[PDB]
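Q:
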Amino acid sequence: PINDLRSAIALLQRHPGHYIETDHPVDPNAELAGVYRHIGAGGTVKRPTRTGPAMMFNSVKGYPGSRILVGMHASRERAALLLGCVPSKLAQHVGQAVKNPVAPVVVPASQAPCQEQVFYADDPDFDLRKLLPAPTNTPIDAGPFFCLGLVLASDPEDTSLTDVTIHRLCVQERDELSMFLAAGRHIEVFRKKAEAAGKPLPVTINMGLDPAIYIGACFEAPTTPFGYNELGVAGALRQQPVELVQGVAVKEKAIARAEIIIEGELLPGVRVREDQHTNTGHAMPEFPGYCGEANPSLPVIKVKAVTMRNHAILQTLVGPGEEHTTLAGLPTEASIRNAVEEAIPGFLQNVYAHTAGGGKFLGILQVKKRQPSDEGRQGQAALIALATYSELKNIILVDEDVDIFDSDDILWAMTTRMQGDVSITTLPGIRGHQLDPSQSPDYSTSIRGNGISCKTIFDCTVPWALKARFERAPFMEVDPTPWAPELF
Amino acid sequence: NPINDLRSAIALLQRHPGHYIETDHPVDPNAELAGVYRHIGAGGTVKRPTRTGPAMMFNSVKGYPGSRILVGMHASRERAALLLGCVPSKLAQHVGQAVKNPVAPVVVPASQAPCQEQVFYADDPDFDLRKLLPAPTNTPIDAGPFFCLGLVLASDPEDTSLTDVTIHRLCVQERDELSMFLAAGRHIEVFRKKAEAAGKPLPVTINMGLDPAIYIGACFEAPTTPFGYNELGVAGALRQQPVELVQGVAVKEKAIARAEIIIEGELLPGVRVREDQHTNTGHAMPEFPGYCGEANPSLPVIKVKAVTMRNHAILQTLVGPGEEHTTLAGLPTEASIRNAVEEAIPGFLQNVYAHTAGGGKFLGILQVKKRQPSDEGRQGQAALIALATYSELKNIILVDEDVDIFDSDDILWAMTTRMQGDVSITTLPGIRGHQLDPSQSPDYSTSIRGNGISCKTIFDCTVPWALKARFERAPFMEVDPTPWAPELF
Numbered sequence: 004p005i006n007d008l009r010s011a012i013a014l015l016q017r018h019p020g021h022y023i024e025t026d027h028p029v030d031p032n033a034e035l036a037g038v039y040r041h042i043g044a045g046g047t048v049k050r051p052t053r054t055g056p057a058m059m060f061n062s063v064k065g066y067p068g069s070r071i072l073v074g075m076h077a078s079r080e081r082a083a084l085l086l087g088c089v090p091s092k093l094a095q096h097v098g099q100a101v102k103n104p105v106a107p108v109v110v111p112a113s114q115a116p117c118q119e120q121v122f123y124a125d126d127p128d129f130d131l132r133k134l135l136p137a138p139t140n141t142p143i144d145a146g147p148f149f150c151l152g153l154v155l156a157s158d159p160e161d162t163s164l165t166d167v168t169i170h171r172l173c174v175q176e177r178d179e180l181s182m183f184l185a186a187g188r189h190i191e192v193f194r195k196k197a198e199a200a201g202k203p204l205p206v207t208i209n210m211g212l213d214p215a216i217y218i219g220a221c222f223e224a225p226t227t228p229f230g231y232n233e234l235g236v237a238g239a240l241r242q243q244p245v246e247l248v249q250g251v252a253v254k255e256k257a258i259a260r261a262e263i264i265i266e267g268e269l270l271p272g273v274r275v276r277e278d279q280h281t282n283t284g285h286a287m288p289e290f291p292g293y294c295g296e297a298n299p300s301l302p303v304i305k306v307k308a309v310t311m312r313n314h315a316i317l318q319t320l321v322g323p324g325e326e327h328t329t330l331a332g333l334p335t336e337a338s339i340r341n342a343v344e345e346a347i348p349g350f351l352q353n354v355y356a357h358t359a360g361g362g363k364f365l366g367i368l369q370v371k372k373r374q375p376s377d378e379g380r381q382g383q384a385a386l387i388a389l390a391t392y393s394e395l396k397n398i399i400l401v402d403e404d405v406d407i408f409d410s411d412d413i414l415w416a417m418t419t420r421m422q423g424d425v426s427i428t429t430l431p432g433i434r435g436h437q438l439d440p441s442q443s444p445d446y447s448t449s450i451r452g453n454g455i456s457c458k459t460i461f462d463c464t465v466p467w468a469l470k471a472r473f474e475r476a477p478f479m480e481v482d483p484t485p486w487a488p489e490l491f
Numbered sequence: 003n004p005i006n007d008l009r010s011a012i013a014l015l016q017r018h019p020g021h022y023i024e025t026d027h028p029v030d031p032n033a034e035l036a037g038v039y040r041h042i043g044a045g046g047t048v049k050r051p052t053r054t055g056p057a058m059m060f061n062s063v064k065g066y067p068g069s070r071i072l073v074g075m076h077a078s079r080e081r082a083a084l085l086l087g088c089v090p091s092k093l094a095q096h097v098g099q100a101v102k103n104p105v106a107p108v109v110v111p112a113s114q115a116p117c118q119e120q121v122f123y124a125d126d127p128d129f130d131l132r133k134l135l136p137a138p139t140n141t142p143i144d145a146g147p148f149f150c151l152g153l154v155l156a157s158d159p160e161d162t163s164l165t166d167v168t169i170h171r172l173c174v175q176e177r178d179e180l181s182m183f184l185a186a187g188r189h190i191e192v193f194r195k196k197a198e199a200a201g202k203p204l205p206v207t208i209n210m211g212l213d214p215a216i217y218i219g220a221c222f223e224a225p226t227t228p229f230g231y232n233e234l235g236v237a238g239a240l241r242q243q244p245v246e247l248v249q250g251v252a253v254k255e256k257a258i259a260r261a262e263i264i265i266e267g268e269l270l271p272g273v274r275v276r277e278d279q280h281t282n283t284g285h286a287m288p289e290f291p292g293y294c295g296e297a298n299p300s301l302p303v304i305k306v307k308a309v310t311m312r313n314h315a316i317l318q319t320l321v322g323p324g325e326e327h328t329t330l331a332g333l334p335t336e337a338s339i340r341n342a343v344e345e346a347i348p349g350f351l352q353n354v355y356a357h358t359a360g361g362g363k364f365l366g367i368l369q370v371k372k373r374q375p376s377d378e379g380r381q382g383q384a385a386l387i388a389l390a391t392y393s394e395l396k397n398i399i400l401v402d403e404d405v406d407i408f409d410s411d412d413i414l415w416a417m418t419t420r421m422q423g424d425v426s427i428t429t430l431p432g433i434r435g436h437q438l439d440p441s442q443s444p445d446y447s448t449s450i451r452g453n454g455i456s457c458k459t460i461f462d463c464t465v466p467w468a469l470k471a472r473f474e475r476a477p478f479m480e481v482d483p484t485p486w487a488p489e490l491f
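So the sequence lines, in the order shown, correspond to chains B and A.
If you count by the deposited numbering, then the first sequence holds residues 4 to 491, one letter each, in order.
If you count by the deposited numbering, then the second sequence holds residues 3 to 491, one letter each, in order.
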């Protein structure tokens with residue numbers, strides 16, 4: 004079975020094409036990301052690019068004994084393989100585990116591989132910049148970045164309330180990182196509580212994990228006493244609870260079977276400019292495919308210790324490309340699937356949070372009109388999708404005979420099953436997302452501020468009265484394996 | 003080493019693994035044949051699952067020992083570019099360059115006509131086209147067995163110096179009869195009217211199994227010269243070797259000397275047939291948009307006089323018509339659109355893709371580069387030129403030079419982050435498009451006055467000139483990734 008990063012790699016090695024290694028040296032500064040751009044970054048990264056194998060870089064220039072791993076989640080086919088289900092049913096699969104979680108468990112340090120090696124910060128030869136090779140994606144980033152930091156944090160007033168989230172961090176000093184916290188998230192509430200009292204907030208950055216943890220943590224989870232409830236998804240996906248170990252130097256727990264763990268605390272009453280040492284004005288590439296701007300006021304994490312297993316694998320991403328599409332798009336598809344199935348049972352067939360929108364901006368809904376009254380319900384499904392995921396932008400509606408994962412087949416529906424003065428409904432002035440650069444008053448007079456957009460529903464479904472005229476050419480059902488065994 | 007026929011082209015594909023396979027597993031030419039290749043290489047607008055892949059040779063045909071059927075030869079832009087010696091992105095330019103400097107065909111005696119290694123005359127009472135050629139059916143609801151890549155040669159029955167070569171599809175009707183549609187307004191149709199007026203048939207040759215250069219070049223617009231057969235001049239220019247012609251054996255027309263199979267027949271005047279007379283399925287064939295077409299009620303009949311083929315003749319056709327149609331139709335579409343925009347706006351259009359989702363006809367993708375403030379507003383001009391150039395286009399998408407116009411994911415990305423639905427979308431109602439789009443119906447829109455009329459839409463996904471500094475895609479370091487994974491390159 005799988006219970007950490009390395010056992011997942013073993014499964015990938017039994018399916019050739021999903022994992023490779025290389026011993027040719029590489030620079031973690033921009034060179035690594037530039038290489039994986041051609042191999043497996045995918046997503047919204049500039050062409051040429053493609054989905055490919057997960058990649059391991061064994062020779063890291065300037066970091067002997069370190070190995071960097073990227074693209075673990077940069078493939079919907081790979082992600083379904085890691086959880087054991089069909090790719091088209093992957094969101095439905097994880098959504099089922101969301102509804103029947105398996106709570107994590109605390110285990111002693113003897114069962115925590117993540118603490119085989121310990122490095123305290125108060126040691127005078129400790130330097131976070133020499134201990135870990137944090138890669139940069141572009142030569143214009145704010146600095147070195149960790150992009151897959153599973154952050155654990157508890158309320159300082161009541162430890163029974165926790166939060167499990169994925170963050171990115173920029174290495175600033177030998178013992179400091181900058182970390183943005185989304186306003187409204189529980190951990191940001193926890194941090195403002197501690198900063199209001201002048202106290203730091205202990206946290207753990209857990210990196211190099213079972214893919215089931217990274218994916219499952221992106222879903223919304225209920226709350227239970229001493230919860231860490233986001234981990235319950237991975238517990239249900241593996242039918243084995245996720246094990247936790249007490250931190251070595253902070254009053255917070257950590258993933259026991261993690262590759263690397265940074266223990267630190269959010270400092271009270273201190274901010275930092277994200278690119279203070281590079282002065283590029285930017286932070287790093289964002290999921291829409293453009294370079295985000297450097298945040299001028301970020302809170303600082305003061306590192307206390309770094310614990311890692313022997314021959315620790317540093318896991319991060321590149322792009323963020325298809326990797327971000329997987330981690331954000333599966334929750335997007337799941338919450339839309341639940342909302343529509345609740346409102347219109349048996350109508351929605353599937354949903355794809357398209358990788359062209361990073362799994363956030365573009366939603367493709369596949370419906371099936373079973374009866375005359377289903378005409379008019381496709382627009383209802385699009386309204387439900389927009390209402391469930393406010394950060395969406397455009398919705399495309401197609402029938403069950405369209406493959407929503409094939410963008411050629413989507414454009415085909417836009418071509419032969421659509422009239423621009425009939426099938427296109429615009430919705431101006433709806434709050435969308437700040438990182439879409441076209442959501443600007445400079446782009447449209449109907450946009451009153453940044454992050455507001457026009458939202459468009461493309462109804463490429465066949466009108467119920469005409470479905471007999473739109474049957475695709477019916478080729479005979481055959482098994483092509485005998486005529487070309489090598490292709491199957 | 004050079005290419006001058008179908009078999010020399012297959013030899014080139016064998017030197018590039020992935021573009022050609024064979025199978026000895028028996029296959030039924032009725033439906034089963036197309037059903038197999040639908041999974042392997044049909045591509046295009048064929049219903050999923052499908053993809054582009056190798057061209058395929060079926061060496062074992064049920065009930066037809068000694069026959070071998072070939073499909074998918076043009077069912078790939080990469081394969082077509084390799085078959086012509088250029089990169090797939092410049093494929094439309096490479097052919098358009100050869101169109102401007104054609105090499106005229108040359109007539110040769112039967113000594114140099116491999117196509118005439120076998121001859122079957124139709125006056126034999128035991129003659130039967132069904133026993134001779136295993137014409138496949140794409141779907142069980144087709145009007146009948148079909149030939150889909152018949153290169154037809156014909157000449158004016160009055161002024162033989164006026165010639166026309168074209169690509170048609172033919173449905174098998176009798177042991178010696180075929181039904182063949184002709185597009186109104188083309189020379190071979192005008193030739194047939196003159197002949198039918200005088201109560202005289204029109205001699206034609208149906209050339210199948212050709213150099214891909216011939217099939218591809220024949221779809222472009224060619225001039226007219228005395229005894230020219232000018233659409234063949236593109237293939238001659240693409241090979242730097244004139245296409246060889248041979249006088250017919252039973253009819254008054256020449257045939258492709260290097261062809262695999264030749265059907266010599268005549269268009270009988272006065273007689274008409276409906277396509278599905280023997281099947282009554284109401285349909286004819288799967289069309290390029292992806293739906294089954296309706297049977298033609300009145301079709302001119304070709305009465306075959308002789309069938310002519312080389313030893314172990316390969317039967318070439320298509321399936322889908324899928325990506326194979328996209329290649330043959332889209333390359334002319336892109337070329338004429340590119341010529342029109344480069345003339346009107348030099349240096350602006352970077353590339354153009356007759357997207358395979360439109361069958362190479364309905365959807366056009368235009369890649370422009372705004373170089374100066376005056377270029378703002380010219381992107382819509384470029385879309386209007388393409389719409390004016392290819393009236394069967396329905397939608398246009400405009401993208402910048404940093405968008406891969408052949409990557410449908412990348413096209414939807416520009417439509418997601420570089421587009422506002424109430425700013426970037428222009429609808430043009432009431433413009434004639436194409437009859438085979440089923441949404442071009444009054445039942446689909448009150449602004450459509452008749453079949454074949456559509457609303458045409460321009461999606462402007464180009465960054466406004468004033469904002470270009472804010473829409474730079476993330477700049478990843480330029481590297482050569484070969485040393486890190488040589489097995490992938």
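Quick reminder that beta carbons are idealized off the backbone N, C-alpha and C, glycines included.
1. Provide the residue span of the beta strand (DSSP E) that contains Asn353 of chain A, from first to last.
2. Whole angstroms is fine: what's the gap from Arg53 of chain A's alpha carbon to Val38 of chain A's?
3. With distances taken between CB atoms, is the gap from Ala261 of chain B to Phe478 of chain A smaller than 8 angstroms?
4. Please compile the residues from chain A whose C-beta is within a distance smaller than 8 angstroms of the C-beta of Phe364 of chain B.
5. Using DSSP's beta-bridge definition, name the partner residues of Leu247 of chain A.
6. Measuring CB to CB, does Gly45 of chain B end up less than 8 angstroms from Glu289 of chain B?
7. What do you get for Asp26 of chain B, buried or exposed, if any count of 16 or more other CB atoms within 10 angstroms of its CB means buried?
8. Considering only the beta carbon of each residue, do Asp402 of chain B and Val343 of chain B sit closer than 8 angstroms?
9. Using a C-beta to C-beta distance shorter than 8 angstroms, which residues of chain B count as neighbours of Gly454 of chain A?
10. Applying a beta-carbon distance threshold of less than 7 angstroms, which residues of chain A neighbour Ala359 of chain B?
11. Per DSSP, what are the beta-bridge partners of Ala124 of chain B in this structure?
12. Quick one: measure Cβ to Cβ for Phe149 of chain B and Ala137 of chain B, integer angstroms, because I've assumed they're closer than 8 angstroms.
13. Check whether the Cβ of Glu34 of chain B lies closer than 8 angstroms to any Cβ atom in chain A.
14. Straight-line CA distance for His21 of chain A to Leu15 of chain A?
15. From what residue to what residue does the beta strand (DSSP E) around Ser157 of chain A run?
16. Look at the alpha carbon of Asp411 of chain A and the alpha carbon of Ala359 of chain B, and state the distance between them as a whole number of angstroms.
17. Find the nearest neighbour of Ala57 of chain A within the set A:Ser69, A:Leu234, A:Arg9, judged by alpha-carbon distance.
18. On the DSSP letters alone, give me the boundaries of the alpha helix (DSSP H) that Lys195 of chain A sits inside.
19. Along the alpha helix (DSSP H) that carries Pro214 of chain A, what are the first and last residues, could you check?
20. Should the segment 247-266 of chain B be called in touch with the segment 183-201 of chain B, which here means at least 3 C-beta pairs below 8 angstroms?
21. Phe193 of chain B: which of B:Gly423, B:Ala156, B:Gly98 sits nearest, CA to CA?
22. At 3 residues or longer, and completely inside the segment 284-348 of chain B: list those beta strand (DSSP E) runs for me, N to C.
23. Express the C-alpha separation of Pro205 of chain A and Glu474 of chain B in angstroms, rounding to a whole number.
24. Return helix, strand or coil for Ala44 of chain B, following the three-state DSSP convention.
25. Report the neighbours of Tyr446 of chain A on chain B: residues whose CB is nearer than 8 angstroms to its CB, in chain order.
26. Considering only C-alpha positions, which residue in the set B:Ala308, B:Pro302, B:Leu395, B:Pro244 is nearest to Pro334 of chain B?
27. Taking only beta-carbon positions, decide if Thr459 of chain A is within less than 8 angstroms of chain B.
28. Quick one: which residues of the segment 391-407 of chain B get their C-beta closer than 9 angstroms to a C-beta of chain A? List them in chain order.
29. Are the C-beta atoms of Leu490 of chain B and some chain A residue less than 8 angstroms apart?
30. With three or more beta-carbon pairs closer than 8 angstroms as the criterion, would you say the segment 107-124 of chain B touches the segment 303-312 of chain B?
31. Can you tell me which of the three DSSP states residue 2 of chain A falls into?
A: On the basis of the coordinates in this document:
1. 351-356
2. 12 angstroms
3. no
4. Within chain A, the residues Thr418, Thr419 have their CB atoms less than 8 angstroms from the CB of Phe364 of chain B, given in chain order.
5. A:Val109, A:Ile258
6. No. Outside cutoff.
7. exposed
8. no
9. Listed along the chain, the chain B residues whose CB falls inside 8 angstroms of the CB of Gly454 of chain A amount to none; the nearest CB is some 13 angstroms away.
10. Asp411, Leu414, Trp415, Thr418
11. Answer is none; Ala124 of chain B lacks a bridge partner.
12. 5 angstroms
13. yes
14. 6 angstroms
15. 148-157
16. 6 angstroms
17. A:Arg9
18. 189-199
19. Where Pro214 of chain A is concerned, the enclosing alpha helix (DSSP H) stretches over 214-219.
20. No, the segment 247-266 of chain B does not touch the segment 183-201 of chain B.
21. Nearest neighbour of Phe193 of chain B by Cα position, chosen from B:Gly423, B:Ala156, B:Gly98, turns out to be B:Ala156.
22. Entirely contained in the segment 284-348 of chain B, the beta strand (DSSP E) runs reaching 3 residues are, in chain order, 285-288, 294-296, 301-311, 316-318.
23. 38 angstroms
24. coil
25. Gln422, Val425, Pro466, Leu469
26. B:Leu395
27. yes
28. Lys396, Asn397, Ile399, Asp404, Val405, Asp406
29. yes
30. Counting C-beta pairs with one atom in each stretch, the segment 107-124 of chain B and the segment 303-312 of chain B have three or more that are closer than 8 angstroms, which means they touch.
31. No statement about residue 2 of chain A is possible, as the shown extent of chain A runs from 3 to 491 and does not include it.
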